[PDB]
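In the block that follows, a single chain appears as structure tokens, in the form deposited in one PDB entry.
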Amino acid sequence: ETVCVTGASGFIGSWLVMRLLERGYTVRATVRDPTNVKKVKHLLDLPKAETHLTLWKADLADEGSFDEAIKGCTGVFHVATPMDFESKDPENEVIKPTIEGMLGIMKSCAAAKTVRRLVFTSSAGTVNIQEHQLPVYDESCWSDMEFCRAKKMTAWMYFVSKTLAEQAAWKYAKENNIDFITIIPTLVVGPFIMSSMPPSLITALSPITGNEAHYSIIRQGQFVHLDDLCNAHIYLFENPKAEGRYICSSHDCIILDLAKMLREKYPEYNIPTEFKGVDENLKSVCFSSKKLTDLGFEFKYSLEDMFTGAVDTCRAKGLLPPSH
């Protein structure tokens, strides 16, 4: 059987695609510029591409663009998302498109008459952006637009976009009886197939590379492996009884403990034993996959793995230095 996957070129979706065709699906990859050898070579080199993979040219900002992709399949894995690239006008750049495009795809999924189920890949920033961390999070919890809007802290548009985009999504799925799952990844880390440094690993590797601007997203970290998160998606398409949301977080720990763990593995990098504002008494925050793990799904991977894969592949692809 056929499925769509949007944002096929990127970090999650790529791996999602390789795993999808390492099973017996025949897939419809969607990208924006099919001629961007970087974005595409890794998808076509995938064993069984000639006989099963097809590419389609769609943009979230272009109303209607997804119909054909979605024509025919039993599934769509919406993994794709706008960045804040041009960085003049995020309301028009990142939010309008992430909202309208999403609802866009939901319409087109009905129009098909073939789509049995839609899996939105969502963002952890739809859960836990509020002025004070609960010590554990779960699928009833929603980030605070009042607080996001008032404050306008770094990366607000990737919080508010996906919170308005998932919110309005369920608002439709309930209203028009669409079969909607959504997975909520925390920081996705692992090996990867794509050509460049994936966006989520500029952040995970920040205790090595010293990119200060990222420290905040891992001060009280939570993580999955790219390979659990992927198999996790295929689980939730394939496992009939699934409703609502699904957090997909396998670990959680403050910047210091991740630092510790990288130091012991990687001495050849000069990793700081201190970070500003992080004491040893700072409570780790938790994202609970209990609802996932309740269904049957079983994390195969540990924080040490995600990272070995990230460091190993980066080195290989000559993105990270071998040492300092």
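Shifts are known only where both forms have a C-alpha. Here the rigid core means the biggest group of C-alpha atoms that line up within 1.5 Å when the two forms are laid on top of each other. One rule holds for the numbers: they count along the sequence shown, beginning at 1.
What comes next is about the form deposited in another entry, which is not displayed.
Just a single entry of 179, 100, 84, 138 exceeds or equals a 2 Å CA shift between the shown form and the other one, which is 84 (rigid core superposed).
Taking 2 Å as the criterion, residue 213 does not count as shifted between the shown form and the other one: its C-alpha moves by less than this amount when the rigid core is aligned.
Superposed on the core, the two forms differ at residue 152: its CA moves 2 Å or more between the shown form and the other one. The gap between the Cα atoms of residue 56 and residue 86 is larger in the other form, by no less than 3 Å, than in this form.
Distance between the C-alpha atoms of residue 86 and residue 31: longer by at least 3 Å in the other form than in the displayed form. Core aligned; runs of 3 or more residues with all CA shifts at 2 Å or more between the shown form and the other one: 83-88, 149-154, in sequence order.
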